[PDB]
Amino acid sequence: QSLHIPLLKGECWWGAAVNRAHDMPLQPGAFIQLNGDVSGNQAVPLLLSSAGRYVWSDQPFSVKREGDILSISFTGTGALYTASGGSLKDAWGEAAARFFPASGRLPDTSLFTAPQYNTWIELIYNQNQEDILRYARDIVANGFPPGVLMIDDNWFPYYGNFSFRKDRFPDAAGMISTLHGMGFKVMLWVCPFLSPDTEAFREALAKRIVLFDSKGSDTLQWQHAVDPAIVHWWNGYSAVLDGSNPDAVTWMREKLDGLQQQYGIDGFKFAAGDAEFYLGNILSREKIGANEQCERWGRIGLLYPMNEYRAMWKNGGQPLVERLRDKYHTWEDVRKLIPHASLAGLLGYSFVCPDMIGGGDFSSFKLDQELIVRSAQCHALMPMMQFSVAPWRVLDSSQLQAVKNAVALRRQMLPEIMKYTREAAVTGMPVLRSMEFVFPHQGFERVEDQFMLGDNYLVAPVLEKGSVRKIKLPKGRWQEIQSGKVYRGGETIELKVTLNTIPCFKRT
């Protein structure tokens, strides 16, 4: 089933995939495939336009813009809709309320009320008790606020064994107790992959909770398959849980619940689950597609309020934290944070965290100190802020101070962040809003280096080198919160900036 949609004059379209937001508004020649592909992050079968139009299907589709016409090919069925208000916000609001209504619930508020810290970039695969405790002590000693600490990949003996590796964690319970005492909560990285020659693999094969190999047979049914699917991913080759099988859910809950009971773990970073891992010669118990495997992995987080996901299909309006994917240590990537985060919010992902300050791609790790500072300042007034590489280790004293000052500004602004976070639970309305969302039809369709925190604060993080920053103000009066200088709105201004400037304006 297909659909051709001529653009309205001036109309701009966004949607489909968080990790394609930098390519939007959709341009002539643009192509996005959702079927079997979440583009390395979150994806939703939704398009929204600046004229209040929207496209939804319950199922994946592909979209191409050819000239001034959208061509959409649906695997199921879909339709074009118009909201009568005629703005992006109206499209968002009607599509949300029809197709991904707000659940009424928040993720664990500890994820918002302090910065987050992830051991990934600092320790990589050498996750061990001594170094994790040291990183935590270091956070405290450098005057950073204790928050949620995420112990990343490889704290366990092998994939599918949900226990601390005793060689590197002689007393994990003691470690967690010490971390709690210091004011941290703790999350563990978990995934649905199973090292496919181990005790856990054989148990899961016997329980029939893995995805099976179809052998490329047309006819072979799940109930008769004998061999597991083996999937290649970034860590190697593994068996994988079948998210359509209720018994897989039971198994996963037993594992996670056990870590909570035994060690006091507060929550889980849900890794992987990307649709692409479910393609090919694979048999699932309930015969669902690859996208819905990803979606059902996402549902696990509904049982653990302290959660985070990178890969997602649907689950808009839900109490899941949605992280932007691994960012490179580049200026190009720091300029993705805002448009990616703002799109995430329109797709129903209000609780968006922008990856890791300074970069989340471990291979990157000559570091650029200025970039790290600008990355930190851009995180600060986003819904959540996440560190990994240790600022005190990689920065000199005044770059470090500027990071501390970013954290201080987040602290000053937290009541506002939390007001809109709490409201997002109820209404689904994003915390971080695009300029277009708040100020429709005022020339902001392509302004992606500015965002609104709620309705009243305009944030314009410095996202390049240079001592000059341009800021497009909507009509109205705007007071810069640090300088206190009031600006007449309805023009673009030039601001002299230093390493420490985070331009932010209150609507008056």
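All residue numbers refer to positions in the sequence shown, first residue = 1.
**Study point:** Deposited residues omitted from coordinates between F365 and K366, as a class
**Key:** In the record, 4 to 9 residues between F365 and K366 lack coordinates.
Practice item. Output the stretch having the higher mean C-alpha B factor in the entry; the candidates are 67 to 75 and 230 to 238. Key: Comparing averages over the C-alpha atoms only gives 67 to 75.
Check your understanding: Mean C-alpha B factor from the entry: is it higher for 161 to 169 or for 293 to 301?
Key -> Result: 161 to 169.
Point to revise | Largest Cα B-factor, entry values, listed residues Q42, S57, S467, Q33 | key: Answer, based on the entry's C-alpha B-factors: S467.
Exercise for review: Using the entry's values, work out which of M175, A341, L395, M384 has the largest Cα B factor.
Suggested key: Highest C-alpha B-factor among the listed residues goes to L395.
Practice item. Would you mind checking where the Cα B-factor of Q129 ranks among the modelled residues of its chain, as the lowest, middle or highest third? Key: For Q129, the deposited C-alpha B-factor lands in the middle third.
Check your understanding: According to the PDB entry, is the CA B factor of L499 in the bottom, middle or top third of its chain, that is, lowest, middle or highest?
Key -> Highest third of the chain for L499's C-alpha B-factor.
Exercise for review: Taking the values exactly as deposited, rank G86 by C-alpha B-factor within its chain and report the matching third: lowest, middle or highest.
Suggested key: Highest third, going by the recorded CA B-factors of the chain.
Exercise for review: Relative to the other modelled residues of the same chain, rank the CA B-factor of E308 and answer lowest, middle or highest third.
Suggested key: For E308, the deposited C-alpha B-factor lands in the lowest third.
Check your understanding: Going by the entry, which third of its chain does the Cα temperature factor of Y263 land in?
Key -> Answer is highest: the recorded C-alpha B-factor places it there.
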